[PDB]
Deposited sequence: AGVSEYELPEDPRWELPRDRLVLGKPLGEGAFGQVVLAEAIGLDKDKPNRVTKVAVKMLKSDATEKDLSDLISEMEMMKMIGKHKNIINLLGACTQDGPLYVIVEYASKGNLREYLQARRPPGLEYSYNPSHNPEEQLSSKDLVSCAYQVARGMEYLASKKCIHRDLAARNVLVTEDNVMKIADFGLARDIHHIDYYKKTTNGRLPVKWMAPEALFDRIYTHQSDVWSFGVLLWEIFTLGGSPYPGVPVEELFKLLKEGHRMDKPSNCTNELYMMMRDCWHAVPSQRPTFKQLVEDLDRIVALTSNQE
């Protein structure tokens, strides 16, 4: 691998810890990084580290590198999972990014359903706002996420939402429409029709996915189209079906979901617009229920 001193961390400054997840991407572990900031060389920072599995191919390496390189280019934002450093020399590739201690947004919402304190309506709108803000930043850097969903939003110790996995390499022509998430759900349920049917990914199709994520927020981690298999989903979308309004959701916020699901991509709102609308809605939202 080519040396890049902008990002290199000596690997004896990385104390590897417990796993966070394994799969086709390799494996991710929690870790402690000693002297990340050159200012404080005696401070440890909890971080997450991605590395390759043992039986990993030359393409597997190339995908991890392009993911690291994409993060380098995109730059930093409060509401995305930021690259912190890399271990690339004399050993296995380690890609180091911010650690979000409260896990993904789907799990976080589900743990706070009434029978870990319940979320106020302002907490929920503010969650949406922060995700929209991350996507606004990513879109401004010309980044199309392609798999925006609550499972790909991570929550920090301080309840900050961070978009994850915006830099993954995907061959969209090799998507397995039938492949489930570890949770048993079908990622096709977050795709715009023009991405699902025609493989056309845009900022406008990420806005479609954001609408689904909004629905996940206000159902507190609900599963979209529960029990609906791929073939029937295709039919629903061909017919123009749209998910029902969640209970505990204003008509204004449901109108936002429906606009994100506009049949015509050019007529959906932009993330810039959604940020402005959500900002207005946060201010007007009662944190008393």
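What ranges of the deposited sequence, counted from 1, have no C-alpha atoms in this structure? Unmodelled stretches: 1-7, 123-134.
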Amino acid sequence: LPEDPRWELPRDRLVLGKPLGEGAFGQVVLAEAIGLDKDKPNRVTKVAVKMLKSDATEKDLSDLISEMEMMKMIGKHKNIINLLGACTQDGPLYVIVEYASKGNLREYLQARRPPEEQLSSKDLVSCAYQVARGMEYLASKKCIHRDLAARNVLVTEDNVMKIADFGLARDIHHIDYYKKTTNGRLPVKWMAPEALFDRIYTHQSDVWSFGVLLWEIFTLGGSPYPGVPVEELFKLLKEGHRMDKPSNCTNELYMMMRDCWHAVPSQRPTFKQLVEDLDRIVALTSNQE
From here on, numbers count along this sequence of modelled residues.
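Rigid core: the largest C-alpha set superposing within 1.5 Å between the two forms.
Between 225-233 and 245-253, which one strays more from this form in 7 other deposited structures of this protein if you match the rigid core and compare Cα atoms? If we average over structures and residues in 7 other deposited structures of this protein, the farther stretch is 225-233.
Which stretch is more displaced from the shown form in 7 other deposited structures of this protein, 14-22 or 265-273, with RMS over structures and residues of Cα positions after a rigid core fit? Looking at 14-22 versus 265-273 in 7 other deposited structures of this protein, the farther one turns out to be 14-22.
In at least one third of the other PDB entries compared, is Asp171 left unmodelled? Yes.
With respect to the recorded C-alpha B factors, which stretch has the higher mean value, 43-51 or 23-31? Between 23-31 and 43-51, it is 23-31 that shows the higher mean C-alpha B-factor.
Of 54-62 and 254-262, which one has the bigger average CA B-factor? Mean C-alpha B-factor is greater for 54-62.
Just grab whichever of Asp147, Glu98, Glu117, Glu216 has the top CA B-factor as deposited. Among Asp147, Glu98, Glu117, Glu216, the highest C-alpha B-factor in the entry belongs to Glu117.
Tell me, please, which of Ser209, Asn82, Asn104, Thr182 has the highest C-alpha B factor according to the deposited entry? Result of the comparison over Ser209, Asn82, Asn104, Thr182: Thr182.
Would the CA B-factor of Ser121 place it in the lowest, middle or highest third of its chain? Highest third.
Entry-reported Cα temperature factor of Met191, expressed as the chain third it lands in: Within its chain, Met191 is a lowest-third residue by C-alpha B-factor, going by the deposited values.
Name the third of the chain's ranked CA B-factors that contains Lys78, choosing lowest, middle or highest. Answer is middle: the recorded C-alpha B-factor places it there.
Could you say whether, by C-alpha temperature factor, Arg242 belongs to the lowest, middle or highest third of its chain? Ranked within chain, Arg242 CA B lands in the lowest tercile.
Of the three thirds of its chain by CA temperature factor, lowest, middle or highest, which one includes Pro269? Bottom third by C-alpha B-factor.
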